[PDB]
Amino acid sequence: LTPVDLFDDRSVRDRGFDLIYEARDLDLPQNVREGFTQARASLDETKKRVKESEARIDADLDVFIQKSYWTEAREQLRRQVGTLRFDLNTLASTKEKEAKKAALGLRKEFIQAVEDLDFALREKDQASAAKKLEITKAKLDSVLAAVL
Amino acid sequence: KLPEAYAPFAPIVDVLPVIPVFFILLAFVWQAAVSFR
Amino acid sequence: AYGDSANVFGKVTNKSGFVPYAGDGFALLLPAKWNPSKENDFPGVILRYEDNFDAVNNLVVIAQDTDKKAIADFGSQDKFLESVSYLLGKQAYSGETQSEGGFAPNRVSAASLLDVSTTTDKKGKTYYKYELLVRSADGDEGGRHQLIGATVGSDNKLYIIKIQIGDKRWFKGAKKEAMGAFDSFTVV
Amino acid sequence: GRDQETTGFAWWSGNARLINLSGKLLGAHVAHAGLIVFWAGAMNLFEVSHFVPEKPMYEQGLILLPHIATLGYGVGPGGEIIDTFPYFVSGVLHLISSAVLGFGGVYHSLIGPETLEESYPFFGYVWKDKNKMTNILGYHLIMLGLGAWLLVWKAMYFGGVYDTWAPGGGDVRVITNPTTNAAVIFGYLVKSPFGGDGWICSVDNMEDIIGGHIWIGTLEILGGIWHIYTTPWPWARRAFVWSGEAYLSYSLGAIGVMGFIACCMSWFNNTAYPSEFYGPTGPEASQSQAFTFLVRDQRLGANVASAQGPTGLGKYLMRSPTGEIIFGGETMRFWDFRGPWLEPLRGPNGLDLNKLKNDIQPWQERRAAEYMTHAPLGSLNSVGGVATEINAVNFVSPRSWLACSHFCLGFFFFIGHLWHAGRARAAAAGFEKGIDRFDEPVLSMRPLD
Amino acid sequence: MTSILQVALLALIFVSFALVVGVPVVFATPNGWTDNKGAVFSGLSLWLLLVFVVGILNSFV
Amino acid sequence: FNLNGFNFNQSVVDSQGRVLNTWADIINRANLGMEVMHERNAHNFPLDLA
Amino acid sequence: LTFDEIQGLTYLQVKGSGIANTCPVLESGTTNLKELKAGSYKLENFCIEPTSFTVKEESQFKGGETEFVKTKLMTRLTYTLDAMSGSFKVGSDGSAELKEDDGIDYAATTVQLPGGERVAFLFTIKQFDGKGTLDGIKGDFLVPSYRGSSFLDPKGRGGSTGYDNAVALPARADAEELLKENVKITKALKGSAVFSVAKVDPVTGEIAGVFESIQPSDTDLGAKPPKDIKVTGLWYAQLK
Amino acid sequence: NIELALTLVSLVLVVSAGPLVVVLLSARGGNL
Amino acid sequence: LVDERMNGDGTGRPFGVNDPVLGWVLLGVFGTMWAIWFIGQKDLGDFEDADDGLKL
Amino acid sequence: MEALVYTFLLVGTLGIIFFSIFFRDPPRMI
Amino acid sequence: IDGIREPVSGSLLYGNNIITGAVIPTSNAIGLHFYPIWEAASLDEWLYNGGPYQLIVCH
Amino acid sequence: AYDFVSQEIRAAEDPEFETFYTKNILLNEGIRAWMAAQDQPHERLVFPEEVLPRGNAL
Ligand SMILES: CCCCCCCCCCCCCCCCCC(=O)OC[C@H](CO[C@@H]1O[C@H](CO[C@H]2O[C@H](CO)[C@H](O)[C@H](O)[C@H]2O)[C@H](O)[C@H](O)[C@H]1O)OC(=O)CCCCCCCCCCCCCCCCC
Ligand code: CLA
Ligand code: CLA
Ligand code: CLA
Ligand code: CLA
Ligand SMILES: CCCCCCCCCCCCCCCC(=O)OC[C@H](CO[C@@H]1O[C@H](CS(=O)(=O)O)[C@@H](O)[C@H](O)[C@H]1O)OC(=O)CCCCCCCCCCCCCCC
Ligand SMILES: CC1=C(/C=C/C(C)=C/C=C/C(C)=C/C=C/C=C(C)/C=C/C=C(C)/C=C/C2=C(C)CCCC2(C)C)C(C)(C)CCC1
Ligand SMILES: CC1=C(/C=C/C(C)=C/C=C/C(C)=C/C=C/C=C(C)/C=C/C=C(C)/C=C/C2=C(C)CCCC2(C)C)C(C)(C)CCC1
Ligand SMILES: CC1=C(/C=C/C(C)=C/C=C/C(C)=C/C=C/C=C(C)/C=C/C=C(C)/C=C/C2=C(C)CCCC2(C)C)C(C)(C)CCC1
Ligand code: OEX
Ligand SMILES: [Cl-]
Ligand SMILES: [Cl-]
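Residue positions are given from 1 per chain in written sequence order; they need not agree with the entry numbering, and residues without coordinates are hidden. In the order they appear in the text, chains get letters beginning with A and ligands get numbers beginning with 1. Scope of values: the displayed chains only, which are part of a larger assembly. Hydrogen atoms and water are omitted, and side-chain values are computed over all heavy atoms in the structure.

Its PDB header attributes the entry to cryo-EM and lists the resolution as 2.7 Å.

Novice: I'd like a rundown of the interface of chain G and chain D, residues and numbers included.
Specialist: Residues count as neighbours in contact if any of their non-hydrogen atoms are within 4.5 Å of one another. On the chain D side, the residues contacting the 35 residues of chain G number 33 residues. Between chain G and chain D, the buried area comes to about 2600 Å², and carbon and sulfur atoms account for 51% of it. In short, buried area is how much 1.4 Å probe accessible area vanishes from two parts on joining, totalled over both. Among the residues of chain G in contact with chain D, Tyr11, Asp102 and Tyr106 of chain G are the three that bury the most area, contributing 26% of the side total. Note on definitions: salt bridges are taken to be side-chain nitrogens of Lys or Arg within 4 Å of carboxyl oxygens of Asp or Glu. Summed over the shared surface of chain G and chain D, the result is 1 salt bridge. Note that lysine 357 of chain D is salt-bridged to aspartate 102 of chain G, the shortest N-O span being 2.6 Å.

Novice: Report on the coordination of the magnesium atom of ligand 4, specifying residues and quantitative values.
Specialist: Protein coordination of the magnesium atom of ligand 4 is limited to a single donor, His227 of chain D (NE2), positioned at 2.1 Å. Helix and strand labels come from DSSP, where a helix needs a run of H or I of at least four residues and a strand needs a run of E of at least two; each type is numbered from the N terminus. Considering the arrangement of structural elements, one finds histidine 227 of chain D in helix α6 (residues 206-228). Only nitrogen, oxygen and sulfur atoms qualify as donors, provided they sit within 2.8 Å of the metal or within 3.2 Å for Na, K and Ca; with water excluded from the atoms, sites may seem incomplete.

Novice: Give a detailed account of the arrangement of the chains, specifying residues and quantitative values.
Specialist: Counting contacts across all 27 pairs of chains found in contact, the highest total belongs to chains A and D. At their nearest point, the C-alpha atoms of chain A and chain I are still 18 Å apart, with no contact between the two. One thing to see here is that chain B and chain L don't touch, and their nearest C-alpha atoms sit 40 Å from each other.

Novice: Account for the packing of aromatic side chains, with residues named and values stated.
Specialist: The aromatic pairing rule takes the rings of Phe, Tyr and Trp, using the six-membered ring of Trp, and pairs them if the centres are within 6.5 Å, calling planes under 30 degrees apart stacked, those over 60 edge-to-face and the rest tilted. The tally for this structure, following the rule as stated, stands at 60 aromatic pairs over all chains. Taking 6.2 Å as the distance between ring centres and 55° as the angle between the ring planes, the aromatic pair formed by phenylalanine 26 of chain C and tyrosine 159 of chain C counts as tilted. With a gap of 133 residues between them, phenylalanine 26 of chain C in strand β2 (residues 26-31) and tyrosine 159 of chain C in strand β10 (residues 157-166) connect regions that are remote in the sequence. As far as burial versus exposure is concerned, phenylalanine 26 of chain C and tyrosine 159 of chain C are alike and both buried. Three or more aromatic residues joined by ring pairs form one cluster here, namely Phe46, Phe53, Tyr79, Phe121, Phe123, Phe128, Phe195, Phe211 and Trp235 of chain G. Just above the ring of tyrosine 21 of chain A sits the side chain of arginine 24 of chain A; from NZ or CZ to the centre is 4.4 Å. Criterion for a charge above a ring: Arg CZ or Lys NZ at most 6 Å from the ring centre, at most 35 degrees from the ring normal. In this structure, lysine 154 of chain D is placed above the aromatic ring of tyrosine 73 of chain D, and the distance from its NZ or CZ to the ring centre is 4.3 Å. Note on classification: 1.4 Å probe, protein chains only; a residue is buried when its accessible area is under 20% of the maximum for its type, exposed when over 50%, partly exposed between these limits.

Novice: Provide a residue-level description of helix α2 (residues 167-183) of chain C, including the pertinent values.
Specialist: All names here are of chain C. When the terminal C-alpha atoms of α2 are compared, their 19 Å separation across 17 residues is substantially less than the 24 Å that a helix rising 1.5 Å per residue should span. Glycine 173 marks the point of greatest bend in α2, at about 90°. Along α2, the residues classified as buried are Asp167, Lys168, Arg169, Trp170, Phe171, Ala174, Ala178, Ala181 and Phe182. In a helix, the anticipated span is given by 1.5 Å times the number of residues less one. Working definition for bend: take the seven residues up to and ending at a residue and the seven starting at it, fit an axis to each, and measure the angle between the axes.

What follows is the structure, given as structure tokens:
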């Protein structure tokens with residue numbers, strides 16, 4: 001008969017462990033539970049992920065297109081990019097009211113470029129998806145030169 | 001909640017969904033008043 | 001049969017979800033829906049309440065007499081838990097296995113320390129508070145959360161609280177009952 | 001009013017007195033259509049008044065607000081509710097229109113003519129007139145056809161609808177390219193209803209939904225014009241009963257299937273019934289649990305690929321019966337689940353564990369942990385766990401209310417089909433009152449049958 | 001302005017309560033709809049006026 | 001569709017917030033004896049959602 | 001299908017086809033087997049697809065020899081080992097070292113004998129370490145117990161959890177039947193596998209070949225003798 | 001609690017408003 | 001691979017056909033029995049005028 | 001052995017069902 | 001039945017009587033998938049995975 | 001009529017023989033041990049949580 005064994009896991013909560021426990025207690029608001037309050041309260045964490053989102057777009061999405069990996073390019077545009085709509089509203093809701101319409105107007109057309117890139121990646125049209133991506137990166141730089 | 005120009009009328013709103021249960025009961029009152037002819 | 005009026009249209013007396021308790025030398029706030037168990041798991045048990053719903057959710061206090069006056073005299077917090085490692089139970093299966101998944105060979109249970117602290121109270125005595133998640137090979141309750149806290153009182157006696165909550169009940173609201181009981185533990 | 005001996009119907013079947021009373025029957029329907037609009041106005045404002053923004057929409061017992069949220073009124077990215085006033089306008093415009101429908105329903109039931117045959121010959125109808133019945137059938141298909149174009153115009157032109165599969169998370173998306181391919185649109189209809197097919201409950205994107213409503217909008221405008229300018233052909237005279245109770249029973253069997261379809265639609269589908277608004281599906285919450293303990297135990301130092309379960313199949317990742325890397329456990333039955341939080345982790349060959357050991361996003365484990373504690377199991381008094389669970393939370397999923405109500409309504413209206421189709425076929429044959437007792441047709445048959 | 005909207009909506013409730021009771025009474029009395037025709041028309045044209053007043057007053061809030 | 005039967009478990013509570021058992025709590029003890037033993041090798045995870 | 005031909009399909013197109021149970025065939029690349037550059041390589045997308053399951057069954061007859069017999073498969077398409085991580089080393093002359101660490105490296109599989117006997121096994125190569133020239137990378141893996149220690153038999157007893165006796169027979173609760181109630185043996189056995197690299201595509205860093213393994217079947221937690229099962233078929237990896 | 005009391009007053013004025021039609025139409029006239 | 005499958009378990013094929021002979025089974029058996037019904041339609045009544053169903 | 005007895009009791013019960021339908025005592029009228 | 005690769009006997013020829021014998025439901029790995037005879041490789045794979053149940057219940 | 005003894009002898013001498021009968025016998029062991037600490041309070045039996053029967057992860 002042997003005792004149980006311990007493991008030094010006191011730093012997993014520092015990294016990522018207590019994150020699914022915040023999303024399961026029904027005493028917090030859902031904006032605290034879904035991660036929406038924490039994104040609005042800290043501007044730099046959105047400014048980290050938005051610069052990370054263009055690192056997944058400007059460099060990581062064309063590579064799946066010349067090799068025609070469609071289901072790895074459909075979901076490249078949804079995995080870490082899957083917060084970018086919520087992020088580009090928080091970075092645009094820190095501006096002047098005539099600067100916010102300039103921000104949300106540029107943000108609206110970048111949405112229309114990604115949703116057109118998604119449909120290009122949906123019918124597997126490589127000649128269109130390689131063309132819709134260069135439009136998408138140009139509308140991406142227009143938003144990020146406005147909200148940050 | 002409701003828009004705040006209507007939140008004093010929110011006591012009436014809590015009674016509004018159950019009203020079609022009273023419409024099937026009113027058919028039984030009307031038929032009781034004609035003695036179920 | 002003493003005649004006291006029924007509580008018609010009356011104010012409640014306890015919505016806190018906690019009952020204040022006073023044993024011998026300690027005081028804590030027990031989870032109000034828990035009831036006393038007539039079990040002595042360990043040498044030194046004073047009280048041991050368990051949940052009415054399942055007996056995995058429980059707490060226990062342990063008062064060992066010791067020769068030392070401060071909790072720092074037991075060494076550091078890492079060297080303290082290896083001495084009091086009997087709180088987590090013993091693996092009664094000394095069988096050989098490599099087919100259980102997410103464990104070392106021949107281990108059907110693996111405790112994982114997740115948090116330590118060194119908090120104190122208004123008297124000055126520091127505590128050694130622990131937070132573990134003990135997983136098993138069958139993986140009942142999705143694991144078991146352990147809330148160990150220990151201190152030595154003013155009578156050279158080591159008071160150890162251990163709150164055990166199954167992980168299935170942990171995210172479903174037994175964290176509020178356990179942490180509220182765990183923070184309320186004060187040894188006078 | 002009317003009594004029994006002048007009709008032959010008692011008080012408990014007295015709406016059958018106004019079968020051949022066209023005007024009274026019109027006020028019966030318009031007043032009833034007032035009630036559907038009145039309930040939709042009243043229960044909308046009840047749900048607007050009891051909406052709390054620091055709680056999910058599916059936690060609050062809201063079944064009508066997720067329908068207006070799916071259209072995209074007042075929602076933001078990720079299912080966040082921006083404002084509640086678009087849900088308030090939908091409640092009042094039904095609650096005010098119900099008085100208009102209630103007025104003419106009370107009018108034609110009390111003051112308006114009993115049979116509108118001789119005075120208003122356009123609206124008059126006899127049930128056996130097969131031209132006039134198809135004429136009224138054609139008028140309402142054009143109304144259903146133009147109603148189906150309202151969803152297409154609102155998705156293509158009037159702000160868009162909520163796409164839960166949108167890149168960047170779910171928000172409102174103008175559906176610029178609806179799928180008008182007949183091989184795709186009519187491929188759902190001839191698909192099998194079973195696992196991996198789900199007939200039309202697996203429609204996985206909004207472009208097929210809006211493009212399918214283009215088809216159902218044009219065919220009902222064309223099929224309405226078809227029935228206005230035609231009468232039923234002699235093979236259709238040969239097959240149908242042409243009474244008013246028959247036409248009811250035809251509608252009862254058609255609508256009892258539709259209750260069964262919307263039962264399995266709201267339970268399984270998460271595209272037309274988005275999980276941000278309706279909560280997780282049955283398959284979604286069970287797959288969310290296996291995903292939650294897979295991320296819980298990677299961080300606690302465990303190879304979830306090489307982790308063997310107690311049965312030997314694989315505790316976290318196993319293989320589908322067609323060869324896809326899926327989640328292990330009893331949720332192997334829901335391996336054909338697709339979700340917008342899960343599909344970013346899924347490659348061709350099932351789930352991609354290279355993508356799943358390194359690229360689990362923090363928003364995915366936010367959302368999948370939400371879905372595990374909001375599984376569509378509850379109780380009848382809205383407790384919210386398995387039957388072995390204490391009174392802690394207050395939750396039954398809307399999917400659990402929408403499927404259970406519409407199986408029961410779909411079951412009774414199949415019973416209403418069997419009632420009225422048996423009766424109308426027998427009442428047209430003459431023996432619905434009983435055996436004639438003079439020529440009993442068994443007595444003219446050869447015994448030892 | 002808010003308070004004139006709530007007075008106009010309270011008035012809409014009383015007029016609607018006058019119609020929910022009165023209009024079935026006027027209809028199913030014998031020769032009551034010919035005698036009380038202009039009362040119900042004044043009731044409906046007031047009720048319909050009060051709906052479009054409250055809707056326009058909602059724009060000013 | 002998992003609507004389930006009435007769940008009156010820990011419904012009767014006295015003063016000081018303590019649970020008085022009922023016959024429904026005894027049905028629960030018979031209920032949760034079956035569910036910890038049914039399909040005894042299937043479940044890798046604590047919630048029988050399937 | 002090649003690797004790039006699989007990855008050019010969406011998930012709904014490959015679903016239900018059986019393509020997901022297959023290793024990518026290496027259509028480009030030659031059998032020259034030398035132009036593979038020497039040195040160390042980390043071994044991702046390492047996947048092993050079997051083609052035959054033969055099992056060394058003792059003969060039904062009295063004087064019959066015991067050989068490997070052809071079988072038919074009971075589990076449907078759950079038998080390919082896929083997406084295994086590890087390290088691949090080659091020498092200057094052709095001596096190669098194959099090693100895998102993580103991945104889906106086990107596959108529980110029931111196969112049925114001609115005669116009606118269902119023998120189950122987990123097809124594994126887990127913790128493989130094999131050395132040798134490119135025609136043979138002879139090495140041994142471990143076969144864990146087919147059921148875990150917390151597996152429970154129909155009478156509710158097992159290794160880690162369980163009664164440890166026959167509780168429904170209270171007079172003969174512990175008796176001569178201690179072989180199948182008293183210890184549930186979960187000791188892991190060992191199997192040997194032979195890999196042979198057949199094709200190299202060095203411009204993409206992709207290598208494939210044929211494998212041959214022999215492993216024990218299943219001991220029913222220590223209640224039946226385990227039988228030997230010879231698994232052949234193809235394999236594939238990506239040297240990057 | 002005035003918000004709970006008005007909900008009861010709104011209930012009684014409506015739960016009577018159906019039989020109020022049936023009682024009044026029975027007394028004056030009588031064509032129900 | 002090990003065995004031989006038909007491989008249509010979750011593919012969503014129209015009426016579950018994957019060999020084109022299965023579609024001609026559907027049209028052949030429907031067409032043979034539509035034709036037997038059509039030729040035999042001379043014994044079912046000529047419901048040619050408008051008021052010629054089982055009506056009420 | 002007992003499975004032979006089980007099927008004989010199941011075949012024998014389905015035999016009586018066959019005789020009770022197709023060899024029933026026919027109901028004579030009047 | 002349970003999809004965990006332990007088989008459950010329900011037949012008279014596999015040691016069952018009239019009370020304890022049953023036609024066992026379909027495998028949990030199949031789920032709600034449609035599993036006729038022609039979607040199996042062998043007839044014994046159909047028999048292993050609870051194939052006879054879904055043919056009885058559908059008819 | 002608790003036990004079929006010919007199927008208890010077989011299921012104890014064969015660790016892979018499972019019927020719906022032997023599933024029912026295991027479910028009755030679950031009912032007996034989990035209610036009788038509260039169903040029969042006169043017995044005054046306390047069961048520690050590790051001695052009650054329990055499947056995997058429930
Ligand atoms: C993956 C694919 C899966 C398969 C596809 C699945 C989807 C299929 C759905 C297709 C739509 C089906 C709808 C059919 C409606 C039938 C209704 C009907 O009862 O229809 C009834 C009507 C009746 O028509 C009328 O029938 C009358 C009958 O007359 C007879 O009787 C009269 C007196 O009554 C007179 O005496 C007269 O002389 C005598 O001829 C008259 O003849 C009229 O002229 C005539 O208009 O039929 C008609 O209108 C025409 C009916 C439609 C055409 C039917 C074609 C059937 C298939 C043909 C191809 C077969 C291929 C064989 C392949 C062989 C090799 C393998
Ligand atoms: C959706 C439900 C519904 C509807 C629309 C109708 C409608 C009708 N029924 Mg039916 N009925 C129903 C349910 C319904 N019934 C049920 C559930 C039963 C079983 C109890 C019956 C039993 C029954 C019998 C036995 C008979 C009818 C008859 C009638 C017709 C004459 C009504 C009459 O003279 O009443 C006069 C009664 C009143 C005037 C009482 C006052 C009721 C009013 C209409 C309530 C209106 C309230 C509303 C808030 C007003 C809003 C006004 C607007 C301006 C906002 C009418 C079309 C009769 C028939 O067939 O006619 C030939 C008949 O004999 N019904
Ligand atoms: C059919 C569609 C439908 C659906 C899916 C729902 C679903 C829901 N409603 Mg809504 N509701 C509906 C119709 C529906 N309701 C109707 C018709 C009304 C008007 C009465 C309302 C009015 C309403 C209100 C006012 C409220 C809800 C609420 C709710 C939630 C919880 C309900 C609950 O606890 O039920 C409990 C279960 C039952 C009551 C069982 C119903 C069984 C019926 C009574 C049949 C019983 C059979 C019986 C023998 C037949 C009787 C006749 C016989 C005696 C002759 C849930 C989201 C609540 C909520 O969450 O608000 C935010 C809430 O407050 N609903
Ligand atoms: C509310 C809808 C509605 C209703 C009630 C009717 C009612 C009628 N129509 Mg009309 N029709 C409609 C909509 C409607 N139509 C629309 C929208 C169109 C345009 C597409 C048409 C076009 C149309 C034509 C062209 C004709 C009719 C005809 C008829 C009559 C007989 C139909 C019949 O017996 O079908 C019986 C149906 C069959 C025998 C087909 C077999 C059905 C099985 C289940 C297989 C179906 C396969 C199919 C692909 C669907 C698969 C999915 C399914 C399982 C859910 C009847 C008066 C006929 C008539 O007399 O009109 C003058 C006629 O010739 N209809
Ligand atoms: C839109 C559908 C529809 C329509 C228009 C009709 C119309 C008619 N039906 Mg049919 N019927 C329907 C659906 C429908 N029915 C269904 C679904 C069923 C199965 C339950 C039946 C079963 C049925 C029978 C058994 C009979 C009729 C009869 C009639 C006639 C008079 C009915 C009457 O006065 O009611 C009077 C209303 C009542 C007496 C009140 C009944 C209220 C019950 C108890 C339900 C209460 C509501 C409750 C909340 C629902 C709980 C269930 C929930 C859990 C889903 C009329 C032609 C009668 C007839 O003359 O045949 C021609 C007759 O005998 N119907
Ligand atoms: C193989 C099936 C599965 C096995 C089931 C085994 C158990 C069976 C239990 C039921 C046995 C029969 C009960 C009584 C039937 C009865 O009284 O019918 C009465 C009718 C009389 O009807 C009249 O019979 C007249 C002829 S006469 O009068 O009988 O000469 C005739 O003229 C007249 O038309 C007719 O009305 O009998 C007959 O029609 C024919 C004679 C039937 C002879 C009995 C058959 C015995 C079973 C043997 C089957 C093989 C068994 C061995 C192989 C397994
Ligand atoms: C024939 C008959 C019948 C039936 C009847 C019916 C069915 C009727 C219907 C009716 C109806 C259907 C009615 C309705 C009405 C409605 C109304 C009258 C409304 C009004 C509205 C309002 C008043 C609103 C208000 C508001 C607003 C504006 C917003 C805020 C909130 C509030 C709410 C305040 C019966 C069965 C009895 C029996 C026999 C006879
Ligand atoms: C929107 C949408 C869509 C579309 C849809 C559609 C397009 C539909 C159509 C549909 C259809 C198109 C349907 C149909 C149906 C039909 C039916 C269901 C039939 C029936 C039949 C009958 C009922 C008959 C009977 C009989 C017989 C048997 C013979 C003759 C005579 C008598 C009567 C006896 C999709 C999905 C894409 C997506 C989602 C959305
Ligand atoms: C929108 C709104 C409104 C309207 C409302 C309404 C529309 C109402 C109606 C109501 C109603 C419409 C009610 C009714 C009621 C009725 C009742 C409450 C009854 C009851 C009954 C009972 C309780 C009894 C019965 C019986 C008989 C007599 C015979 C048979 C047997 C029995 C005993 C069952 C107003 C103007 C206010 C304004 C605000 C909002
Ligand atoms: O399948 Mn015949 O019982 Ca509806 O929970 Mn999960 O899954 Mn199974 O376990 Mn419990
Ligand atoms: Cl599980
Ligand atoms: Cl079981």
